[PDB]
Protein chains: 2
Amino acid sequence: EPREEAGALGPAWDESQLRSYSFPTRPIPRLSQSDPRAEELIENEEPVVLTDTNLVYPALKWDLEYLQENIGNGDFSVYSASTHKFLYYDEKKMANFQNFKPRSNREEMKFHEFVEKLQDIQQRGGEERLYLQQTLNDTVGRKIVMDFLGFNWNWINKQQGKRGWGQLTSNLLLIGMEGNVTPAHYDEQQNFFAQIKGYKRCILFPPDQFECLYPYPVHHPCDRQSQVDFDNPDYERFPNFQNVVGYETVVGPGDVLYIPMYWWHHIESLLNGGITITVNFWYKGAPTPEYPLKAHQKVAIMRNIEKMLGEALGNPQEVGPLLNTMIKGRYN
Amino acid sequence: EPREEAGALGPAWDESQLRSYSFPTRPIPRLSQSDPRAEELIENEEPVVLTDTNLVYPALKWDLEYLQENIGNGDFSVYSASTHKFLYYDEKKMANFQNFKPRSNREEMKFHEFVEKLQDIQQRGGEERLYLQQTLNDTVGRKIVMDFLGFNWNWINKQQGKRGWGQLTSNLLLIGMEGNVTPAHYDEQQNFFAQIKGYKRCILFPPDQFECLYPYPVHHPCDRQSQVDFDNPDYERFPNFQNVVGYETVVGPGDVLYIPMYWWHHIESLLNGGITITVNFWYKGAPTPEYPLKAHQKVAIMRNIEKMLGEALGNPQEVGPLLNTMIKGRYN
Ligand SMILES: Oc1cccc2cccnc12
Ligand SMILES: Oc1cccc2cccnc12
Ligand SMILES: [Fe+2]
Ligand SMILES: [Fe+2]
């Protein structure tokens, strides 16, 4: 049910701008940050949209023009795709899987190159799509450093304190095109997804839906991603997908989404929605200290077994045959 | 093809005294110990029957009478069964598997009690069967210590030296009844199976037949045993049994069988064959020092993964569901 923007500027978005999927979804709670319930949620590692942090307030002003202007002259990683879906991958890991067909491409460039590449498609009607996953470092102009300095550190630092989370680990700035999709994957890191321009729809799944979501083997370059194509799910291969239940939200300018450690997420810039900008902050979580075991700990466990079997056997291609040898007629 | 005993005392045994099984078998080499080929085999961890060690020569004289006589007055573990097959189990592990039905029974007693229990069945025609797995310790009479002192230590110690095997770990003395069966299992220890009275047929399988043989889960009291009932194999549950190929021999008085580390064995006192006596020596093997990986190392690996998952999860009942969660639609 689309939110209504102030001054009767109309409905923020509508259903037809959302992709359609086979699984059902519940809504993520949208709270104010001084609400206790939002604090409980963050401490319980459940997701929550905070509508009023002002975390990235100075950036709320950013568009394409302002940015080409002040960002500076440094290198920006620009990923490139062949469809709407943007399957990232780990470079170090291609050696493990010899006949691996990459559907994405990283290209370094300068902001304005990107901006033309994008204005071209805007004026010529092309199929191709772009994203800009580029970390934030020192190569940024005066006015952008200003902006950054205007972020709600007090708030974000105090949220780190009270949870015992470790250090801030990076700052991705992201800009992409209407319709773009990032497919379900999970990170091991606590995350604050801070929306700036355009609307994104985030679908999340708790760690304990591990078995309906089918992660690539740990050694595969697509590690941590889900193998199920959401637009076209193969229920013979992935029958437990049929049991998957999401948590959904649409975030827009000002909203901050807490994606907790280990939660799957799947992310779509709305169709017809125009360009998008987001900044996320990633924290490494509080180090481990207790049974029953929490789902994400079982995930941590599986990852390890799979890693070890990789060293021990001398060859990640044998992980699978060894695990099958172990279970057939033994544990299944 | 039964061996022919000296003085034309006739054929040592014949086919009809062997049980019948679905799998095929090749013969284990029968060598003399001064033959190089037998040395190669022992160094290569392949099995070999040595016909001429004299290892237990003084004991070749042992029967039931001589033994009730001189053995002394100590405690002898006597295991008791309900059919021909004698499924042993680990006591410590029953806690792991709540509804576990034990088909065997250990009973402490004194040699003569055993000897009556056995002479009774011999005179009354009963079904029940007995074994006597009893380790060798100090509670043995003068003439038995004599006998023991007469073993070919020089030989057996020199075989330990040249292989770098660790210490002698025990000495089982075993006596059992015609027809008795010990079902396929594997030990982690190098072993010399030294035959004294009666004939046994040993069927062995190399470590790499792990997947046709289906060991119980590591935490199960029957750990290290094979789940397939050889008299009645369930090919729907155990389809890779259909691919199993054994190494077979029949050992009699004087023959010494080297069962190498990790090799399955299945052992039957011949039918109509009378009582049997065997002494085995167990050595812990040379500690680990290289890829390709040898099958028994993969076995060592699987055991470990299964153990860890037991500590980590806090509960051996969850090992199986975790491993299934790990592979389904991921590695299978
Ligand atoms: O973990 C990530 C890495 C790069 C891009 C992302 C976009 C949306 C959510 N997570 C993301
Ligand atoms: O490892 C063993 C333990 C107790 C009895 C056995 C009888 C035959 C072969 N191995 C055995
Ligand atoms: Fe992510
Ligand atoms: Fe054994």
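Labels below follow one simple rule: chain letters A, B, ... track the order of the sequence lines, proteins then strands, and each chain is numbered from 1. Values below: every heavy atom of this structure, side chains too, minus hydrogens, waters and symmetry copies.
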_To the closest 0.5 Å, what do you measure between CD1 (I327(A)) and CG (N332(A))?_
4.5 Å
_Parallel, tilted or perpendicular: ring planes of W165(B) versus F192(B), cut at 30 and 60 degrees_ = tilted
_Under 3.5 Å, is there a donor on one side chain and an acceptor on the other for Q189(A) and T169(A)?_
yes
_Taking the side chain as everything from C-beta on, heavy atoms only, tell me whether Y283(A) gets closer than 4.5 Å to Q167(A)._
no
*Please identify each residue that fulfils side-chain hydrogen bond (donor to acceptor under 3.5 Å, both in side chains) with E318(B), with sequence neighbours left out.*
none
_Residues forming a side-chain contact (heavy atoms from CB on, under 4.5 Å) with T276(A), sequence neighbours excluded_ = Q195(A), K200(A), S269(A)
*asked:* Looking at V251(A), is its backbone amide N or carbonyl O close enough to the side chain of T249(A) to form a donor-acceptor pair, meaning the two atoms are under 3.5 Å apart?
replied: no
_Under a 3.5 Å distance rule, please check whether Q227(A) uses its side chain to pair with a backbone N or O of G329(B) as donor and acceptor._
yes
*List the steps and the verdict of side chain to side chain contact (heavy atoms under 4.5 Å, CB included) for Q133(A) and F76(A).*
CA-CA 8 Å; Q133(A) 278 107 257; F76(A) 302 111; over 6 Å; no
*For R224(A), what residues pass the salt bridge (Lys or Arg N to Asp or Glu O under 4.0 Å) criterion, not counting sequence neighbours?*
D187(A)
*Donor-acceptor under 3.5 Å (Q190(A) side chain, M261(A) main chain)*: yes
*asked:* Using side chain to side chain donor-acceptor pair (under 3.5 Å), reason through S22(B) and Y235(B) one step at a time and then give a plain yes or no.
replied: CA-CA 11 Å; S22(B) 38; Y235(B) 301 119; 3.0 Å; yes
*asked:* Checking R106(A) now: which residues fulfil salt bridge (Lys or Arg N to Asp or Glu O under 4.0 Å) with it, not counting sequence neighbours?
replied: none
*asked:* Can you confirm whether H265(B) sits close enough to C202(B) that some side-chain heavy atom of one is under 4.5 Å from a side-chain heavy atom of the other?
replied: no
*asked:* Taking the six-membered ring for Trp, are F205(A) and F23(A) closer than 6.0 Å centroid to centroid?
replied: yes
*Counting distance only, does the side-chain N/O of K93(A) pair as donor-acceptor with the main-chain N or O of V218(A) below 3.5 Å?*
yes
*Any residue meeting salt bridge (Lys or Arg N to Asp or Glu O under 4.0 Å) with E43(B), in chain and number order, not counting sequence neighbours*: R163(B)
_The test is side chain to side chain contact (heavy atoms under 4.5 Å, CB included); show your working for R129(A) and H84(A) and say whether it passes._
CA-CA 7 Å; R129(A) 290 163 192 274; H84(A) 56 250; 3.8 Å; yes
*State, with a plain yes or no, whether a side-chain heavy atom of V250(A) is found less than 4.5 Å away from one of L18(A).*
yes
*Quick one: side-chain hydrogen bond (donor to acceptor under 3.5 Å, both in side chains) partners of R303(B), sequence neighbours excluded?*
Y186(B), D223(B)
*So, the side chain of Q134(A) versus the backbone of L173(A): is there a donor-acceptor pair under 3.5 Å, distance only?*
no
_Under the side-chain hydrogen bond (donor to acceptor under 3.5 Å, both in side chains) test, residues paired with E268(A) that sit two or more places apart_ = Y21(A), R201(A), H266(A)
*Within a strict 4.5 Å, meaning less than it, do heavy atoms of the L313(A) and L293(B) side chains meet?*
yes
*Could you pull out all residues at least two apart from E107(A) that satisfy side-chain contact (heavy atoms from CB on, under 4.5 Å)?*
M109(A), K117(A)
*Considering only heavy atoms from C-beta outward, does the side chain of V78(A) approach that of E108(A) to under 4.5 Å?*
no
*Tell me, with the steps shown, if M308(A) and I305(B) meet side chain to side chain contact (heavy atoms under 4.5 Å, CB included).*
CA-CA 9 Å; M308(A) 277 160 28; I305(B) 303 277; 3.6 Å; yes
*Find out whether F230(A) and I203(A) are in side-chain contact, i.e. whether some heavy atom of one side chain is under 4.5 Å from a heavy atom of the other.*
no
*Is a side-chain donor or acceptor of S104(A) paired with a backbone partner of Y88(A) at a separation under 3.5 angstrom?*
no
*Could you pull out all residues at least two apart from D234(A) that satisfy salt bridge (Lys or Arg N to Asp or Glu O under 4.0 Å)?*
none
*Is a side-chain donor-acceptor pair under 3.5 Å present for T325(A) with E211(B)?*
yes
*asked:* Can you list everything that forms a side-chain contact (heavy atoms from CB on, under 4.5 Å) with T288(A)? Sequence neighbours excluded, please.
replied: none
*Evaluate the side chain to side chain contact (heavy atoms under 4.5 Å, CB included) criterion for residues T278(A) and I175(A): first the C-alpha distance (whole Å), next the side-chain angles of each, then the deciding distance (0.1 Å), finally the verdict.*
CA-CA 7 Å; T278(A) 315; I175(A) 298 157; over 6 Å; no
Donor-acceptor list for residues 237-247 of chain B side chains, cut-off 3.5 Å, not counting sequence neighbours:
{"unit_1": "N240(B)", "atom_1": "ND2", "unit_2": "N243(B)", "atom_2": "OD1", "d": "3.2"}
{"unit_1": "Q242(B)", "atom_1": "NE2", "unit_2": "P239(B)", "atom_2": "O", "d": "2.9"}

*Answer yes or no: are there more than 12 heavy-atom neighbours, outside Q317(B) itself, under 6.0 Å from its atom CD?*
no
*Tell me whether the centres of the aromatic rings in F193(A) and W263(A) are closer together than 6.0 Å.*
no
*Hey, does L172(A) have a side-chain heavy atom less than 4.5 Å from the side chain of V279(A)?*
no
_So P215(B) and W264(B), do their side chains get closer than 4.5 Å, heavy atoms only?_
yes
*Without swapping roles, check the side chain of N180(A) against the backbone of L130(A) for a donor-acceptor pair under 3.5 Å.*
yes
*Using atom types as modelled and distance alone, determine if a side-chain donor or acceptor of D229(B) lies under 3.5 Å from a backbone N or O of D231(B).*
yes
_Contacts of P217(A) that satisfy side-chain contact (heavy atoms from CB on, under 4.5 Å) - sequence neighbours left out_ = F97(A), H220(A), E306(A), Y331(B)
